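**Q** Once you've had a glance at the structure underneath, I'll fire off some questions.
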Amino acid sequence: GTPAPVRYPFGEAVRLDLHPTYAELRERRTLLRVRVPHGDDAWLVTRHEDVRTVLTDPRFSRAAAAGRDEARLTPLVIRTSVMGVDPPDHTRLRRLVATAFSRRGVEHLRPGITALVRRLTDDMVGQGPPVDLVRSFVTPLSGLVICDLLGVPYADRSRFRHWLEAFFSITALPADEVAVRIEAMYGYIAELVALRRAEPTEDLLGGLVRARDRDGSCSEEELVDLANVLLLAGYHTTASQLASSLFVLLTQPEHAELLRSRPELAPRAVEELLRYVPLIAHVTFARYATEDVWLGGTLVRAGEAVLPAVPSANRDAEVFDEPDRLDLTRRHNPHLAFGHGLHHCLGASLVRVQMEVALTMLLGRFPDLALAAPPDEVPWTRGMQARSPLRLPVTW
Ligand code: HEM
Ligand SMILES: CN[C@@H](Cc1ccccc1)C(=O)N[C@H](CO)Cc1c[nH]c2ccccc12
């Protein structure tokens, strides 16, 4: 007899604020049996120590969820490519993109990103306040970076960024509208992969089709999934953390000017903005136990699902000194904004480089940068999986 399931999500995720139950649950050292919009009931994992465990312990599988009605907040189960398989499939698939995303491999992109940010703030200079930082800086920057690396025509952004938001939708779209766009995009990706047989390219997608076509290293659906997720995670998720990180600094401007006055702080400010800012609206993808695991006062049984509350982990007072204060100068930062262990975020370095350069130049070229509106009147996405302001008007 397991306890009565509580309704999760606890409520809408509002701006960057965290529901109070997360902190109560950490203090309790128990998991919470929850009942979610779709799929299985789960245990919600809130403590940094335990989200570490569920995210990478081998007794918690992420392929298991494919044989189940997966505990989730979206009406349709999303196909997560390398995010939804175990070894040996995860090792096979991740090997194909490991080096292009490495620290050394991403650093060779630093010129181009920097040239792209200069150009992006060149226009702002000429055009003058007010500016929506989202439409004029954040979306181009993460949109062009990922589209150049991956070979996806950024001229096509008018079409596919309609569909992109069907993968992120909790309550913003009906289940039939969700399924319609999801195939619209797979068709689009599947067509891109076709042209790369006709006419190979020198981008990351061009080599993935070579890898299937002459090494037989993946399935055609695994190739389309890997390609989808790499565009999903770079277009929207990168933009939302940067948008969100911009909204923080501009509402706590003594940190902006601290980072302004000390640019050598940039790698620290980037790690802290990944931790402080709750990008994940509620939880990350669920894991099913494959044998019996005891944690959070619970003997979680084989076949039962856990939901890792990454943003709660990152406020854990037993890991982070003063966890709900923004300390850009924090030196050691074992956060989980990029997950933990086996599925640790492939694009970790590309997000660091983008952020580092973007904050550094935005704050450098515009020493007067301030919001052009009351922070409470900045609008935020409603009913989506990643939290982001929809508009960031600034003046200088
Ligand atoms: C601010 C931007 C981003 C954030 C906050 C973020 C966050 C995360 C998190 C938390 C996970 C682990 C999920 C889990 O274990 O439940 C993850 C995994 C992953 N991320 Fe990201 N991500 C970002 C950008 C990107 C980009 C730009 C790419 C690639 C272009 C990317 C590709 C991936 C992939 C492929 C995985 C799965 C890795 C694996 O299964 O081995 N992400 N990310
Ligand atoms: C419970 N997934 C949520 C929360 C989340 C989890 C991880 C990162 C960001 C956000 C989500 O927004 N997932 C989004 C929308 O489904 C897509 C996504 C983000 N990172 C991915 C990595 C691989 C495949 C898909 C994604």
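How things are named: the first chain in the structure tokens is A, the next is B, and so on; residues count from 1 in each chain; ligands count from 1 in the order shown.
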Could you list, as a list in words, every residue within 12 Å of residue 40 of chain A, counting only C-alpha atoms and ignoring same-chain residues fewer than 2 positions away?
**A**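 The residues satisfying every condition are residues 5, 8, 33, 34, 35, 36, 37, 38, 42, 43, 65, 67, 68, 69, 70, 71, 72, 73, 77, 286, 287, 288, 303, 304, 305, 306 and 307 of chain A.
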**Q** So that I can check the surroundings of residue 271 of chain A, please list as a PyMOL selection string every protein, DNA and RNA residue that reaches within 10 Å of it, counting only C-alpha atoms and ignoring chain neighbours fewer than 5 positions away.
**A** chain A and resi 266+276+328-335+337+352+355-356
**Q** Based on the selection just made, write C-alpha atoms of those residues as a PDB file, in the first residue's frame.
**A**
ATOM      1  CA  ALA A 266      32.607  35.089 -16.843  1.00  0.00           C
ATOM      2  CA  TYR A 276      20.350  29.802  -9.982  1.00  0.00           C
ATOM      3  CA  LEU A 328      28.262  35.122  -9.515  1.00  0.00           C
ATOM      4  CA  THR A 329      31.624  34.716  -7.732  1.00  0.00           C
ATOM      5  CA  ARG A 330      30.947  31.115  -6.572  1.00  0.00           C
ATOM      6  CA  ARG A 331      34.068  29.095  -7.390  1.00  0.00           C
ATOM      7  CA  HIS A 332      33.046  25.439  -6.885  1.00  0.00           C
ATOM      8  CA  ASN A 333      29.636  24.715  -8.418  1.00  0.00           C
ATOM      9  CA  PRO A 334      28.506  21.060  -8.576  1.00  0.00           C
ATOM     10  CA  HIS A 335      25.145  21.989 -10.022  1.00  0.00           C
ATOM     11  CA  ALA A 337      21.608  22.181 -14.736  1.00  0.00           C
ATOM     12  CA  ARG A 352      29.234  27.824 -21.814  1.00  0.00           C
ATOM     13  CA  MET A 355      26.937  32.388 -22.731  1.00  0.00           C
ATOM     14  CA  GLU A 356      30.422  33.550 -21.710  1.00  0.00           C
TER      15      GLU A 356
END
**Q** Using only C-alpha atoms, which residue out of A:219, A:290, A:251, A:354 lies closest to residue 375 of chain A?
**A**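 Answer, going by the shortest atom-to-atom distance: A:251.
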**Q** Of the candidates A:393, A:311, A:379, A:153, which one gets nearest to ligand 1 if we count only C-alpha atoms and all ligand atoms?
**A**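 Of A:393, A:311, A:379, A:153, the one nearest ligand 1, counting only C-alpha atoms and all ligand atoms, is A:311.
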**Q** Taking only C-alpha atoms and all ligand atoms into account, report as JSON, numbers by chain which residues have an atom no farther than 8 Å from an atom of ligand 2.
**A** {"A": [72, 73, 74, 78, 79, 80, 81, 82, 83, 84, 165, 166, 167, 168, 169, 229, 230, 232, 233, 237, 279, 280, 281, 282, 283, 284, 285, 286, 338, 339, 345, 384, 385, 386]}
**Q** If I take atom CA of residue 19 of chain A and atom CA of residue 381 of chain A, how far is one from the other in Å, to one decimal?
**A**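 Atom CA of residue 381 of chain A lies at a distance of 17.0 Å from atom CA of residue 19 of chain A.
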**Q** Identify which of the residues A:297, A:20, A:206, A:234 lies closest to ligand 1, counting only C-alpha atoms and all ligand atoms when measuring atom-to-atom distances.
**A**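 Looking at the shortest contact to ligand 1, the residue is A:234.
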**Q** Name the closest residue to ligand 1 among the candidates A:319, A:205, A:226, A:293; distances are taken between atoms, counting only C-alpha atoms and all ligand atoms.
**A** A:226
**Q** Out of A:47, A:28, A:52, A:212, which residue has the shortest atom-to-atom distance to ligand 1 when counting only C-alpha atoms and all ligand atoms?
**A** A:52
